[PDB]
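Chemist: Before we start, here is the structure in question, set down as structure tokens.
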Amino acid sequence: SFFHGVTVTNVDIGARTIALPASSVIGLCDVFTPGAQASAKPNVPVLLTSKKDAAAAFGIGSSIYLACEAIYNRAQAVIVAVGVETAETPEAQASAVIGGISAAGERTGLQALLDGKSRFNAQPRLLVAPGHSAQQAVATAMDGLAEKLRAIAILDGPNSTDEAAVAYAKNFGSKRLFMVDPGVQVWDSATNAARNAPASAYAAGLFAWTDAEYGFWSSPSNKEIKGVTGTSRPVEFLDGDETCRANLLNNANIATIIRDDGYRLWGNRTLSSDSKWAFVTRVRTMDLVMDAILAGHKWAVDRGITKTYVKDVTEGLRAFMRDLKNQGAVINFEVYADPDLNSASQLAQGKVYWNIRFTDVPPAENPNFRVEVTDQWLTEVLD
Amino acid sequence: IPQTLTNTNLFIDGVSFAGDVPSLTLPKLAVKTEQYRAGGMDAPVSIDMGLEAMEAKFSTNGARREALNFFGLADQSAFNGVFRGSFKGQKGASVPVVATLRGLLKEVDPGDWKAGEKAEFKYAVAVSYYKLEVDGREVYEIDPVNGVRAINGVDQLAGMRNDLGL
Amino acid sequence: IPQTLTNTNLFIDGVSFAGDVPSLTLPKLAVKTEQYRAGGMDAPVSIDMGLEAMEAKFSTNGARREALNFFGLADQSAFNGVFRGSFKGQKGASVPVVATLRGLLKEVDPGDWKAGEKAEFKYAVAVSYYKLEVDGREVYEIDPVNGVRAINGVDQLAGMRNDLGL
Amino acid sequence: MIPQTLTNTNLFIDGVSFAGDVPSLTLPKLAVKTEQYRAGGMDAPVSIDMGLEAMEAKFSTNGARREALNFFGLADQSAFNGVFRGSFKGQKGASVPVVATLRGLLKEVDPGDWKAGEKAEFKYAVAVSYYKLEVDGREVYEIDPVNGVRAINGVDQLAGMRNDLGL
Amino acid sequence: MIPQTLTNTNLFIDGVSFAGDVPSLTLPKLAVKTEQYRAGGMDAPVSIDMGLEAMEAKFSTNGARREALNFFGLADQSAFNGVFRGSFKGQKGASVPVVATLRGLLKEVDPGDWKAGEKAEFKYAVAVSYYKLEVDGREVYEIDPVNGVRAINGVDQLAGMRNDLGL
Amino acid sequence: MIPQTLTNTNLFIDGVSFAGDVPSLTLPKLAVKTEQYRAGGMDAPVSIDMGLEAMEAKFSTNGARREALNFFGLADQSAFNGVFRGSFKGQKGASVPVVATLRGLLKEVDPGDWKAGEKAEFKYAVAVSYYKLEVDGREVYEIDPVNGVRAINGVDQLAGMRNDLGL
Amino acid sequence: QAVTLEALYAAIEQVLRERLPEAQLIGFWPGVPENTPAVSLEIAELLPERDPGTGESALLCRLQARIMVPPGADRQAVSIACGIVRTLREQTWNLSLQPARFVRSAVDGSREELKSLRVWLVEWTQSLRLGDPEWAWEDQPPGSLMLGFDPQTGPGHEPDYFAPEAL
């Protein structure tokens with residue numbers, strides 16, 4: 001029925017960890033066991049906003065819920081997640097994460113995150129595979145899901161030593177992969193155990209947190225993770241060009257988690273061999289302005305923009321570039337008419353080549369303090 | 001030789017108002033001057049302070065719904081519009097002038113409706129972004145925010161933003 | 001193609017003044033702007049603050065007693081009235097424009113009575129509620145109280161009343 | 001940054017909306033009781049924080065808002081509760097809310113001069129105790145005088161000098 | 001709520017209507033004698049109510065209203081009786097009355113400068129003792145200084161501290 | 001000399017640009033604490049420098065600049081850092097920069113009256129300790145109160161009276 | 001699409017034969033008043049107008065109707081003339097035109113032969129946008145736009161990017 005009048009209840013609330021309502025969209029694929037409580041079919045996507053949907057659509061005994069708690073401890077975002085059904089064979093568990101179009105009109109595994117478009121007008125901007133990115137065939141298809149979506153995917157090095165991770169990441173020369181190696185243990189509030197989380201959804205909520213506050217152009221490296229204890233293995237950052245473990249992991253382009261607990265990230269690079277798009281803040285502004293070309297083409301095709309197309313797209317593109325100069329995301333912005341236009345009948349009939357140059361804000365990596373001990377002001381003080 | 005204008009086109013968001021835009025007025029660009037006479041002078045010199053505001057006033061003569069719906073939006077610089085013009089002088093060399101602008105459509109004025117005349121609605125946009133290209137290349141590029149007052153390619157506030165850190 | 005108006009009807013409270021309403025003026029809708037130049041800018045951008053007041057000025061030419069009796073009522077928004085119009089353009093497609101309004105009839109002006117001319121009384125209503133439907137569907141819906149400034153269906157103050165609790 | 005100003009305003013008192021008659025508000029002027037301090041070995045004093053001072057939050061209405069006149073001079077001081085809402089629309093559309101929960105004594109009802117053809121403007125004032133301002137739902141100020149709560153942006157700025165007085 | 005302002009005004013003195021010459025009134029500014037209070041274990045003082053202060057209710061007329069000049073400086077203080085009527089019409093028609101019964105000493109007759117071509121404006125002032133404001137016939141304020149009556153909205157706010165002083 | 005005025009202005013707080021909402025600044029009024037001195041054998045006192053006095057550097061913004069509200073009344077006084085930039089364009093083209101690094105206590109957040117149709121104007125004030133003005137990159141003022149630094153145009157004007165107090 | 005003068009001549013003949021059965025013969029350039037209730041359309045003058053911003057030439061033509069009748073049936077020709085005037089209030093002749101402006105109607109003296117003595121000139125003006133629109137500025141279709149970047153710039157390697165691409 002119902003109840004009238006106020007009601008006081010003996011209950012259990014576990015120590016509120018509210019965060020900021022972020023704006024970026026996160027894709028996630030991890031494994032759980034379906035039951036009558038978990039009210040979601042495996043290979044269908046569902047957007048989640050708070051922990052009430054990670055306890056009702058998916059079970060609390062899961063591994064999505066280990067990673068949805070990872071985002072919601074850090075930044076309240078919109079996670080579009082699918083479920084991979086539980087397998088036992090270590091290849092068949094990862095081969096169901098990949099999947100394909102084995103169904104009639106449905107993609108199953110990681111590919112089901114392509115249904116973020118045409119369903120909510122909210123594509124995933126981040127792609128997370130917690131723990132499964134240690135396998136190569138998952139991580140290579142994170143690249144194949146990033147090229148179709150313009151969404152940088154967060155990888156996961158193995159929980160073993162550094163040479164198991166540096167020699168793992170030698171086969172990646174892809175612009176959009178971002179690897180976080182050291183696994184994070186976090187003490188659970190029920191089972192009295194430091195749960196060895198895979199530590200790739202901890203960085204996913206951090207990217208949602210930096211976009212909501214400090215913006216996308218700030219490199220999301222020295223920002224503090226909350227709701228977290230130490231890593232599964234300790235790293236350190238000391239100075240003097242030695243074999244210290246943080247310098248050993250940046251030079252092979254892996255993010256690291258540095259201090260007392262799982263405080264901060266440390267990677268500023270992405271897994272690109274091409275040193276132009278080495279910073280993650282450059283690839284996320286490139287893949288943001290390439291989306292404004294798409295919405296600047298969709299807006300310049302539904303209204304019959306025939307004779308004034310290239311003027312409608314380019315000025316509408318510079319309406320977005322002056323926004324980035326306004327927000328501090330770029331320093332230079334210039335949309336150039338390239339001199340590779342050969343003849344007037346040749347260029348006006350086809351192939352008008354224009355450029356977009358922008359100097360992204362470089363994140364302060366390696367400040368340098370050249371320090372002295374002098375005898376200059378010893379005379380002035382004593383006399 | 002003087003330049004008689006021949007063709008006139010107005011866009012609002014891409015929709016061709018080529019035809020029924022009988023009158024259009026670009027914003028007069030006015031330097032914020034100040035009659036300044038200091039100690040060692042008698043006549044006042046005038047010093048720039050920036051520009052003053054920019055209103056562009058076109059007047060379409062129909063019940064549009066394609067220009068009416070940009071009044072009172074929650075965001076300024078949402079109405080943009082692109083003017084296109086064509087002055088024709090000096091042996092048929094019609095110079096293509098465009099004047100693309102942007103800003104809040106600050107006033108929609110329906111006139112007297114005396115039951116039988118034309119419509120002649122009136123409009124006024126508080127222009128923020130203003131870009132005037134005469135014969136392809138740039139003449140006036142006025143972005144108020146970010147301080148991008150640029151005359152024929154060179155940015156006259158390049159020395160200012162280095163001083164202000166912008 | 002321009003739109004020549006053809007038919008004009010005015011209601012006050014339902015009573016058909018179809019015929020003797022020679023002139024009518026809808027309220028010009030003006031955004032309360034402000035020339036705003038902050039630190040990092042030179043030209044002033046203009047920022048909305050809401051609308052300013054709305055006066056509609058029709059002028060009937062008779063001693064009415066059906067429009068005179070709505071002057072000086074103890075309640076504002078008691079005079080309402082409904083305008084109906086018809087612009088005709090683009091191959092006889094007469095678009096039905098209505099402009100229903102509401103507010104205090106703030107001024108009744110009898111002109112000069114030079115003993116032999118027409119009457120031509122003049123009126124002015126301080127419009128509160130203003131609703132303009134061009135071709136059936138909504139264009140401008142301005143309710144000042146409750147903050148219901150709505151452009152073509154969407155409420156531009158939907159984000160404001162959630163912040164203010166209205 | 002975007003140009004962002006005040007556009008509209010609202011006032012609640014014990015839940016009752018003043019959606020029709022508030023021409024003006026005034027948030028309380030938060031000021032530190034600065035005692036300028038020049039001592040031996042310096043010049044040009046350095047202004048040590050001593051604490052805040054009293055926080056009157058004036059406003060005015062011009063109707064017979066008896067639901068605002070009932071809270072003057074009650075036996076329970078700090079029983080006037082109320083928020084000073086207000087939205088800043090900016091230039092890019094979406095408006096940033098600023099609300100300000102108050103809890104104090106309505107220490108002044110100042111009815112204006114009734115010039116019979118002008119407005120009324122019942123000017124008020126509340127010497128608030130509790131004060132909580134929010135911006136876009138995010139916390140900036142917790143000012144509670146008694147029991148020592150000055151929490152700027154959520155972190156308590158008197159907690160180091162509250163576990164030594166033994167409060 | 002509805003937009004509601006002051007439109008018209010009236011003044012009675014001992015029943016005599018001033019329906020023809022009152023350009024201005026002024027209700028008495030009800031203010032609490034706030035003593036700001038910062039003590040050990042707090043900051044940002046908390047403003048304890050001590051009571052009200054004196055209540056001068058100015059007004060002005062510009063004729064030879066001798067029926068208002070007779071009440072200046074009599075032997076019986078608090079013998080000037082009078083109401084400050086006033087109606088707030090609102091927007092939806094019916095007007096909400098505000099009346100204000102006074103009882104005090106006419107302590108000031110201030111005749112203006114007579115510039116011979118302007119108005120007169122005999123500005124007055126009454127340091128009232130008794131004070132009763134009504135809104136739409138409903139009670140809001142009973143302020144009687146002597147014998148301890150502060151009744152906000154009908155409930156006596158000094159009755160708990162009148163049966164202990166033994167008044 | 002050329003006619004040279006102020007044209008544009010900027011404000012940074014901890015690196016954060018206020019490129020969109022600062023209508024006004026105020027540099028701190030540098031004034032000597034002049035004690036007028038007439039003694040035996042003279043007249044018309046001669047105004048010995050005693051030192052400066054406190055340096056409040058007001059400014060105002062009219063948005064919800066929460067990044068400027070977080071620095072009010074922290075535990076660390078002189079933790080508000082910020083520069084008051086500003087360029088003077090002159091008449092002959094190239095602009096002469098004036099920047100002013102500050103370090104003090106944000107001792108006042110004064111939110112304006114919210115008249116619902118006007119601006120906001122959150123007026124602020126910082127009682128600065130450290131103060132460094134530059135002109136075209138060249139130094140003019142180092143004003144550090146503690147540890148005795150008054151360096152006018154790079155040369156220290158208190159160094160002769162700092163190696164005698166033994167600081 | 002656009003109008004033609006021959007499209008205008010056919011539609012004014014078409015509608016006027018439907019509305020006027022008493023008018024036996026409404027030709028646009030006839031002669032020979034062969035029978036009693038004849039109406040002979042004409043062209044008086046075609047004049048310029050406010051030129052629109054396209055290649056159409058704005059022209060208002062003084063169209064002209066001459067109502068030929070034998071004398072003694074003057075009233076029978078005003079009833080023909082009143083039928084034409086009642087048409088011209090809203091009439092666009094179903095041709096994407098502006099509604100015609102009625103000008104005058106009166107008996108005239110023609111230069112032509114006057115066996116049919118009584119004729120009534122009925123003239124009216126209506127604007128015409130004759131001709132095609134003409135585009136002048138830019139003829140660059142949606143199939144031709146490539147948008148590279150800073151390192152992918154030069155005649156060595158082409159900017160390998162289309163505007164319609166992946167999502």
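FYI, nothing fancy with the structure tokens labels: chains A, B, ... in order, residues from 1 per chain, ligands from 1 as they appear.
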Write out as a Markdown table the residues of chain B that have any atom within 7 Å of an atom of chain C, one row each with the nearest atom pair and its distance in Å to one decimal, counting only C-alpha atoms, sorted by chain and then rising number.
Modeler:
| residue | atom | partner | partner_atom | distance |
| --- | --- | --- | --- | --- |
| B:20 | CA | C:1 | CA | 6.0 |
| B:50 | CA | C:42 | CA | 4.7 |
| B:51 | CA | C:43 | CA | 4.7 |
| B:52 | CA | C:43 | CA | 5.6 |
| B:53 | CA | C:44 | CA | 5.5 |
| B:61 | CA | C:2 | CA | 5.7 |
| B:62 | CA | C:3 | CA | 5.1 |
| B:65 | CA | C:139 | CA | 7.0 |
| B:69 | CA | C:151 | CA | 6.2 |
| B:72 | CA | C:31 | CA | 6.6 |
| B:73 | CA | C:156 | CA | 6.4 |
| B:74 | CA | C:156 | CA | 5.6 |
| B:106 | CA | C:31 | CA | 5.2 |
| B:107 | CA | C:30 | CA | 4.6 |
| B:108 | CA | C:29 | CA | 5.6 |
| B:109 | CA | C:28 | CA | 4.6 |
| B:110 | CA | C:28 | CA | 6.4 |
| B:111 | CA | C:25 | CA | 6.3 |
| B:112 | CA | C:25 | CA | 4.9 |
| B:113 | CA | C:24 | CA | 5.5 |
| B:114 | CA | C:23 | CA | 4.9 |
| B:115 | CA | C:8 | CA | 5.8 |
| B:116 | CA | C:5 | CA | 5.1 |
| B:117 | CA | C:4 | CA | 5.6 |
| B:118 | CA | C:4 | CA | 4.2 |
| B:119 | CA | C:3 | CA | 5.8 |
| B:126 | CA | C:46 | CA | 6.4 |
| B:128 | CA | C:45 | CA | 5.8 |
| B:144 | CA | C:43 | CA | 4.6 |
| B:145 | CA | C:41 | CA | 4.8 |
| B:146 | CA | C:41 | CA | 5.8 |
| B:147 | CA | C:41 | CA | 4.8 |
Chemist: Mind writing the picked residues with C-alpha atoms as an mmCIF file, in the first residue's frame?
Modeler:
data_model
loop_
_atom_site.group_PDB
_atom_site.id
_atom_site.type_symbol
_atom_site.label_atom_id
_atom_site.label_comp_id
_atom_site.auth_asym_id
_atom_site.auth_seq_id
_atom_site.Cartn_x
_atom_site.Cartn_y
_atom_site.Cartn_z
ATOM 1 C CA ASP B 20 13.211 40.329 -49.902
ATOM 2 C CA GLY B 50 38.666 50.854 -28.242
ATOM 3 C CA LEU B 51 35.472 50.794 -30.247
ATOM 4 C CA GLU B 52 31.936 51.525 -29.185
ATOM 5 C CA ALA B 53 29.019 49.147 -29.717
ATOM 6 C CA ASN B 61 9.330 42.619 -45.264
ATOM 7 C CA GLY B 62 7.691 39.344 -44.347
ATOM 8 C CA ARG B 65 9.843 32.678 -38.646
ATOM 9 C CA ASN B 69 13.120 32.932 -34.043
ATOM 10 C CA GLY B 72 15.640 36.729 -27.238
ATOM 11 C CA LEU B 73 17.740 33.586 -27.278
ATOM 12 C CA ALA B 74 19.407 32.525 -24.048
ATOM 13 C CA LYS B 106 18.390 42.786 -29.883
ATOM 14 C CA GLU B 107 15.149 44.153 -31.356
ATOM 15 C CA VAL B 108 12.341 42.900 -33.589
ATOM 16 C CA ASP B 109 10.084 45.747 -34.684
ATOM 17 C CA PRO B 110 6.827 45.129 -36.556
ATOM 18 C CA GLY B 111 5.641 48.433 -37.973
ATOM 19 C CA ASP B 112 2.193 49.875 -38.359
ATOM 20 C CA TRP B 113 -0.290 47.403 -39.818
ATOM 21 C CA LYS B 114 -2.681 49.645 -41.729
ATOM 22 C CA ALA B 115 -4.444 46.706 -43.480
ATOM 23 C CA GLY B 116 -3.197 46.655 -47.040
ATOM 24 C CA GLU B 117 0.448 47.712 -47.248
ATOM 25 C CA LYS B 118 3.584 45.565 -47.163
ATOM 26 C CA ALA B 119 4.914 44.023 -43.968
ATOM 27 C CA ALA B 126 23.988 43.954 -31.375
ATOM 28 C CA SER B 128 29.817 41.108 -31.517
ATOM 29 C CA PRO B 144 35.419 42.289 -29.111
ATOM 30 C CA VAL B 145 36.135 39.464 -26.683
ATOM 31 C CA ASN B 146 39.771 38.224 -26.935
ATOM 32 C CA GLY B 147 40.618 41.698 -28.355
#
Chemist: Could you list, as a PDB file with N, CA, C and O atoms, in the first residue's frame, every residue within 9 Å of residue 151 in chain G, counting only C-alpha atoms and ignoring same-chain residues fewer than 3 positions away?
Modeler:
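Once everything was written out, this is part.pdb:
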ATOM      1  N   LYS A 276      54.781  14.111 -32.698  1.00  0.00           N
ATOM      2  CA  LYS A 276      53.903  15.266 -32.832  1.00  0.00           C
ATOM      3  C   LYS A 276      52.701  15.128 -31.911  1.00  0.00           C
ATOM      4  O   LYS A 276      52.442  16.000 -31.074  1.00  0.00           O
ATOM      5  N   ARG A 357      45.854  25.350 -38.403  1.00  0.00           N
ATOM      6  CA  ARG A 357      46.990  25.284 -37.498  1.00  0.00           C
ATOM      7  C   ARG A 357      46.597  25.858 -36.146  1.00  0.00           C
ATOM      8  O   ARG A 357      45.834  26.825 -36.067  1.00  0.00           O
TER       9      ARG A 357
ATOM     10  N   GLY G 148      43.193  20.046 -43.807  1.00  0.00           N
ATOM     11  CA  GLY G 148      44.361  19.424 -43.214  1.00  0.00           C
ATOM     12  C   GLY G 148      44.701  19.969 -41.847  1.00  0.00           C
ATOM     13  O   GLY G 148      43.830  20.405 -41.091  1.00  0.00           O
ATOM     14  N   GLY G 154      51.251  21.233 -47.332  1.00  0.00           N
ATOM     15  CA  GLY G 154      52.235  21.472 -48.353  1.00  0.00           C
ATOM     16  C   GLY G 154      51.887  20.816 -49.666  1.00  0.00           C
ATOM     17  O   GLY G 154      51.077  19.888 -49.732  1.00  0.00           O
TER      18      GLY G 154
END
Chemist: As a PyMOL selection string, please: the residues near range 2-4 of chain E (cut-off 6 Å, only C-alpha atoms, same-chain neighbours under 6 positions excluded).
Modeler: (chain D and resi 20-21+63) or (chain E and resi 90-91)
Chemist: May I have the residues from that selection written out with N, CA, C and O atoms, as a PDB file, in the first residue's frame?
Modeler:
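Dumped to part_38.pdb:
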ATOM      1  N   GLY D  20       6.933  37.751  -6.717  1.00  0.00           N
ATOM      2  CA  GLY D  20       6.213  38.876  -7.264  1.00  0.00           C
ATOM      3  C   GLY D  20       6.655  40.238  -6.788  1.00  0.00           C
ATOM      4  O   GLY D  20       6.487  41.214  -7.516  1.00  0.00           O
ATOM      5  N   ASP D  21       7.177  40.337  -5.564  1.00  0.00           N
ATOM      6  CA  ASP D  21       7.586  41.627  -5.002  1.00  0.00           C
ATOM      7  C   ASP D  21       8.884  41.479  -4.221  1.00  0.00           C
ATOM      8  O   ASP D  21       8.851  41.358  -2.998  1.00  0.00           O
ATOM      9  N   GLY D  63       5.173  45.387  -1.244  1.00  0.00           N
ATOM     10  CA  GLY D  63       3.810  45.024  -0.943  1.00  0.00           C
ATOM     11  C   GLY D  63       3.630  44.753   0.539  1.00  0.00           C
ATOM     12  O   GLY D  63       4.555  44.839   1.340  1.00  0.00           O
TER      13      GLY D  63
ATOM     14  N   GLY E  90      -2.273  46.110  -5.565  1.00  0.00           N
ATOM     15  CA  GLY E  90      -1.885  44.883  -6.220  1.00  0.00           C
ATOM     16  C   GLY E  90      -2.077  44.962  -7.722  1.00  0.00           C
ATOM     17  O   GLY E  90      -2.112  46.039  -8.318  1.00  0.00           O
ATOM     18  N   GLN E  91      -2.204  43.794  -8.342  1.00  0.00           N
ATOM     19  CA  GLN E  91      -2.482  43.712  -9.765  1.00  0.00           C
ATOM     20  C   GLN E  91      -3.829  43.084 -10.071  1.00  0.00           C
ATOM     21  O   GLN E  91      -4.439  43.416 -11.085  1.00  0.00           O
TER      22      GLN E  91
END
Chemist: Could you tell me which residues of chain D sit within 10 Å of chain A when counting only C-alpha atoms, and give me the result as a ChimeraX atom specification?
Modeler: /D:1-2,137-138
Chemist: Quick one: DSSP strand (DSSP E or B) residues in range 91-146 of chain D, as a ChimeraX atom specification?
Modeler: /D:92,96-110,113-114,122-135,138-144
Chemist: Those residues with N, CA, C and O atoms, as a compact mmCIF listing (two decimals), in the first residue's frame please?
Modeler:
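And here is the file that came out, selection_18.txt:
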# COMPACT_ATOMS: atom_id res chain seq x y z
N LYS D 92 27.04 32.40 -22.95
CA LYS D 92 26.92 31.16 -23.71
C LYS D 92 25.71 30.34 -23.29
O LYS D 92 25.74 29.11 -23.32
N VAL D 96 24.27 30.11 -14.31
CA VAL D 96 24.96 29.59 -13.13
C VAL D 96 24.21 30.07 -11.89
O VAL D 96 24.16 31.28 -11.64
N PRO D 97 23.62 29.18 -11.10
CA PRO D 97 22.85 29.61 -9.94
C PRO D 97 23.74 30.02 -8.78
O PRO D 97 24.81 29.45 -8.56
N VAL D 98 23.29 31.03 -8.04
CA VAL D 98 23.90 31.44 -6.79
C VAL D 98 22.78 31.52 -5.77
O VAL D 98 21.87 32.34 -5.90
N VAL D 99 22.82 30.65 -4.76
CA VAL D 99 21.85 30.68 -3.68
C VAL D 99 22.61 30.98 -2.39
O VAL D 99 23.82 30.78 -2.31
N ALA D 100 21.89 31.47 -1.39
CA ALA D 100 22.55 31.92 -0.16
C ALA D 100 21.61 31.70 1.01
O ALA D 100 20.79 32.56 1.32
N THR D 101 21.76 30.56 1.69
CA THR D 101 20.90 30.24 2.82
C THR D 101 21.27 31.10 4.02
O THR D 101 22.44 31.21 4.38
N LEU D 102 20.26 31.71 4.64
CA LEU D 102 20.46 32.59 5.78
C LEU D 102 19.74 32.04 7.01
O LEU D 102 18.80 31.26 6.90
N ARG D 103 20.20 32.49 8.17
CA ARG D 103 19.55 32.15 9.43
C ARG D 103 19.92 33.22 10.44
O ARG D 103 21.02 33.18 11.00
N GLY D 104 19.03 34.16 10.69
CA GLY D 104 19.36 35.22 11.60
C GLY D 104 18.18 35.90 12.22
O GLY D 104 17.06 35.39 12.19
N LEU D 105 18.43 37.07 12.79
CA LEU D 105 17.42 37.89 13.43
C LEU D 105 17.01 39.01 12.48
O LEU D 105 17.86 39.79 12.04
N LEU D 106 15.72 39.09 12.16
CA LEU D 106 15.21 40.23 11.40
C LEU D 106 15.20 41.43 12.33
O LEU D 106 14.26 41.64 13.09
N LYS D 107 16.27 42.21 12.29
CA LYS D 107 16.48 43.27 13.27
C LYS D 107 15.96 44.61 12.81
O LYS D 107 16.12 45.59 13.55
N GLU D 108 15.35 44.71 11.64
CA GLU D 108 14.93 46.01 11.13
C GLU D 108 13.83 45.82 10.11
O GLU D 108 14.02 45.11 9.12
N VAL D 109 12.69 46.44 10.35
CA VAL D 109 11.67 46.67 9.34
C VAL D 109 11.59 48.17 9.17
O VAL D 109 11.22 48.88 10.11
N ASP D 110 11.98 48.66 8.00
CA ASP D 110 12.05 50.09 7.71
C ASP D 110 11.03 50.38 6.62
O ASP D 110 11.34 50.28 5.42
N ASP D 113 8.95 56.14 3.23
CA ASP D 113 8.03 57.26 3.14
C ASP D 113 6.95 56.98 2.11
O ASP D 113 7.23 56.55 0.99
N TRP D 114 5.70 57.20 2.50
CA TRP D 114 4.55 56.91 1.66
C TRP D 114 4.12 58.20 0.97
O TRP D 114 3.26 58.93 1.46
N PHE D 122 9.35 48.52 1.59
CA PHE D 122 9.62 48.09 2.95
C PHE D 122 11.04 47.54 3.05
O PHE D 122 11.26 46.35 2.82
N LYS D 123 12.01 48.37 3.41
CA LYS D 123 13.39 47.93 3.48
C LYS D 123 13.62 47.15 4.77
O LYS D 123 13.20 47.58 5.84
N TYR D 124 14.26 45.99 4.66
CA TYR D 124 14.47 45.11 5.80
C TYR D 124 15.97 44.92 6.03
O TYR D 124 16.79 45.45 5.28
N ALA D 125 16.31 44.14 7.05
CA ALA D 125 17.69 43.80 7.36
C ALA D 125 17.70 42.60 8.29
O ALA D 125 16.93 42.58 9.25
N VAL D 126 18.56 41.62 8.02
CA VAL D 126 18.70 40.46 8.89
C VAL D 126 20.15 40.31 9.31
O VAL D 126 21.04 40.14 8.47
N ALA D 127 20.41 40.41 10.61
CA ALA D 127 21.75 40.17 11.12
C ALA D 127 21.92 38.67 11.23
O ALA D 127 21.62 38.06 12.25
N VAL D 128 22.41 38.06 10.15
CA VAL D 128 22.38 36.61 10.03
C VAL D 128 23.45 35.99 10.91
O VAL D 128 24.49 36.59 11.20
N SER D 129 23.17 34.78 11.39
CA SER D 129 24.21 33.96 11.98
C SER D 129 24.77 33.02 10.93
O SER D 129 25.88 33.21 10.44
N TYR D 130 23.95 32.08 10.47
CA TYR D 130 24.40 31.08 9.53
C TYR D 130 24.37 31.66 8.13
O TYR D 130 23.52 32.49 7.80
N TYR D 131 25.31 31.22 7.30
CA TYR D 131 25.45 31.78 5.96
C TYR D 131 26.12 30.76 5.06
O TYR D 131 27.26 30.35 5.33
N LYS D 132 25.44 30.35 4.00
CA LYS D 132 25.96 29.35 3.08
C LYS D 132 25.70 29.79 1.65
O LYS D 132 24.55 29.75 1.19
N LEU D 133 26.74 30.17 0.93
CA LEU D 133 26.60 30.53 -0.47
C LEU D 133 27.04 29.35 -1.32
O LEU D 133 27.99 28.64 -0.98
N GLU D 134 26.32 29.13 -2.42
CA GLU D 134 26.63 28.09 -3.39
C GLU D 134 26.80 28.73 -4.76
O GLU D 134 26.20 29.77 -5.04
N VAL D 135 27.61 28.11 -5.60
CA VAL D 135 27.74 28.51 -7.00
C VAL D 135 27.68 27.25 -7.84
O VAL D 135 28.55 26.38 -7.71
N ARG D 138 27.99 24.07 -6.14
CA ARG D 138 29.23 23.84 -5.44
C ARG D 138 29.39 24.82 -4.29
O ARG D 138 29.03 25.99 -4.39
N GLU D 139 29.93 24.32 -3.19
CA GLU D 139 30.03 25.05 -1.94
C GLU D 139 31.17 26.06 -2.02
O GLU D 139 32.21 25.78 -2.61
N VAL D 140 30.96 27.25 -1.45
CA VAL D 140 32.08 28.17 -1.29
C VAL D 140 32.23 28.63 0.16
O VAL D 140 33.35 28.66 0.69
N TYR D 141 31.13 28.96 0.85
CA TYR D 141 31.19 29.58 2.17
C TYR D 141 30.28 28.84 3.12
O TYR D 141 29.09 28.73 2.87
N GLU D 142 30.83 28.33 4.22
CA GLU D 142 30.04 28.00 5.41
C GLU D 142 30.48 28.93 6.52
O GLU D 142 31.58 28.77 7.06
N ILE D 143 29.64 29.89 6.89
CA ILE D 143 29.95 30.81 7.97
C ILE D 143 28.94 30.57 9.08
O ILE D 143 27.80 31.04 9.01
N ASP D 144 29.35 29.82 10.10
CA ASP D 144 28.56 29.63 11.31
C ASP D 144 29.36 30.26 12.44
O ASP D 144 30.50 29.83 12.70
Chemist: Using only C-alpha atoms, can you tell me which of F:35, F:118, F:14, F:43 comes closest to chain D?
Modeler: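 The shortest atom-to-atom distance to chain D comes from F:118.
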Chemist: Neighbouring residues of residue 61 in chain A were defined as those with any atom within 10 Å, considering only C-alpha atoms; residues of the same chain fewer than 5 positions away were excluded. Please report them as number ranges by chain.
Modeler: A: 32-34, 38, 55, 66
Chemist: For the structure I just gave you, how does DSSP split range 26-89 of chain G - specifically, which residues are alpha helix (DSSP H)? Reply as an MDAnalysis selection string.
Modeler: chainID G and resid 74:87
Chemist: With only C-alpha atoms as the basis for distance, which of F:157, F:115, F:83, F:49 is at the shortest distance from chain B?
Modeler: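 So, comparing all the options, the nearest one is F:83.
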